[PDB]
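Indexing begins at 1, ligand by ligand and atom by atom, following the structure's order. Because only heavy atoms are used, hydrogens play no part in the values below, and waters and symmetry mates are left out as well, while side chains stay in. All residue numbers refer to positions in the sequence shown, counting from 1.
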Amino acid sequence: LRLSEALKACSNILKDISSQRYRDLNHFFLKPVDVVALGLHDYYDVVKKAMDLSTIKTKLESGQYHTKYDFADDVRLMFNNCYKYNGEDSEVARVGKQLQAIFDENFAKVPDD
Ligand SMILES: CC(=O)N1c2ccc(-c3ccc(C(=O)O)cc3)cc2[C@H](Nc2ccc3ccsc3c2)C[C@@H]1C
């Protein structure tokens, strides 16, 4: 599958925020939330659609994002899920915001579709 130039830059941004360089921030978002493994109460009462870095990579590479905004929607969904279930004073929300600020800075430089 050949990606647009905008989505190619999105792929490279995804690999950056998912890389070992940011392992202290992204390892909580690398894989789908597992309510049983994490002992979560009411997760899907609060979160209607789960999202994580592995799933965004799958969708991107299988052609499910038509524009860079479709890709950015899922990234934003991943972080907003974390903020609203865990609370912005939680440790996981605090590292999330750090990772999102990194992503926001880079995504601003992507050319139009
Ligand atoms: C992202 C998100 O909303 N979540 C999330 C997702 C994944 C993980 C996670 C933890 C350990 C491992 C592991 O290596 O085996 C893998 C994944 C933790 C969390 C969150 N829990 C959590 C607890 C204490 C702390 C303390 C500092 S941060 C932190 C995060 C829950 C939440 C639903």
Side-chain angles (χ1 to χ4, degrees), residues 3-23 25-113:
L3 294 168
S4 63
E5 293 304 306
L7 285 178
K8 276 186 178 191
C10 287
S11 179
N12 297 320
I13 293 167
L14 186 67
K15 297 177 164 161
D16 187 59
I17 59 168
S18 305
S19 63
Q20 301 261 52
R21 167 153 65 117
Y22 296 117
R23 198 60 78 218
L25 312 176
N26 64 24
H27 98 93
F28 311 93
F29 304 98
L30 287 174
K31 299 293 177 182
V33 167
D34 178 334
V35 298
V36 168
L38 303 177
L40 305 182
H41 281 60
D42 304 328
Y43 183 76
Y44 293 116
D45 288 307
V46 175
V47 171
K48 295 325 184 171
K49 189 176 186 163
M51 188 58 51
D52 66 294
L53 291 171
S54 75
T55 302
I56 298 171
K57 181 171 191 298
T58 295
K59 292 176 70 171
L60 179 56
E61 293 175 341
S62 49
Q64 302 192 30
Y65 296 133
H66 302 126
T67 75
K68 68 182 186 180
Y69 297 95
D70 302 320
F71 157 92
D73 282 349
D74 269 356
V75 174
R76 203 157 291 155
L77 168 68
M78 177 186 73
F79 287 125
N80 284 337
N81 283 348
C82 171
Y83 304 152
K84 70 182 181 190
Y85 177 79
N86 297 277
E88 271 157 359
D89 281 352
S90 72
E91 299 279 350
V92 66
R94 288 166 183 271
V95 302
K97 298 277 187 184
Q98 290 174 264
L99 192 65
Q100 182 175 29
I102 288 166
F103 168 93
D104 291 340
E105 187 197 341
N106 284 290
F107 183 81
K109 314 183 184 180
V110 177
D112 250 337
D113 304 306

Query raised in the report: Should the ring pair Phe71 and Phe103 be called parallel, tilted or perpendicular, given that the plane angle runs from 0 to 90° and is split at 30 and 60?
Result: tilted
What's the shortest heavy-atom distance between [X] and [Y], and which atoms?
X: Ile56; Y: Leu14; value: CG2-CD1, 4.0 Å
X: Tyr65; Y: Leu7; value: O-CD1, 3.1 Å
X: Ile17; Y: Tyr22; value: CA-CD1, 4.1 Å

Report task. Answer yes or no on whether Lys97 is positioned over the face of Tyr83, meaning its NZ or CZ is under 6.0 Å from the six-membered ring centre and within 45° of the axis. Result -> yes
Requested in this report: Please say whether more than 12 non-hydrogen atoms of neighbouring residues, nucleotides or ligands are located less than 6.0 Å from OH in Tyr69.
Outcome: no
Report task. At a heavy-atom distance under 4.0 Å, which protein residues reach ligand 1? Sort them by chain and number, would you? Result -> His27, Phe28, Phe29, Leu38, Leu40, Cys82, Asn86, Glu91, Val92
